[PDB]
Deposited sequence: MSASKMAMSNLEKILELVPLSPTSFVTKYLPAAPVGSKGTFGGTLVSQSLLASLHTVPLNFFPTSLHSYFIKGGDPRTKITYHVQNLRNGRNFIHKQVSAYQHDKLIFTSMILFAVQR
């Protein structure tokens, strides 16, 4: 139950109801890992807590490509609830 459902190549909803910021960071990370090649790994991440909460509704994550190259990929993952941005994370990846 950190589980996500892919609605698209870039968009994911929680399966179960959530809000702990740790859940937001973890699921946003998982989400990004499904959009990046298996040989790329996270070097850092940077999460911004924009609005709290509710555990009573689902979270939708959207992954947006910021920058890529041979050795590096940058992603942004935004989380919505009730059609409002609550949380955004930038995740940096590097190759092998």
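Where along the deposited sequence are residues missing from the model? Gaps in the modelled chain, taken against the deposited sequence, lie at 1 to 13, 32 to 39, 118.
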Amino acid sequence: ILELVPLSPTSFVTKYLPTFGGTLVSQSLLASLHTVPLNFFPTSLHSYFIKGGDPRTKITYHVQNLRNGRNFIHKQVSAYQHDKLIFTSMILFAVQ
From here on, numbers count along this sequence of modelled residues.
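Give the stretch, out of 73 to 81 and 19 to 27, with the larger mean C-alpha temperature factor in the deposited entry. Looking at the record's C-alpha B-factors, the answer is 19 to 27.
Per the record, averaged over C-alpha atoms, which has the higher B-factor: 40 to 48 or 63 to 71? So the stretch with the higher mean C-alpha B-factor is 63 to 71.
Considering every modelled residue of the chain and its Cα B-factor in the PDB entry, is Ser89 in the lowest, middle or highest third? It belongs to the lowest third of the chain when residues are ordered by C-alpha B-factor.
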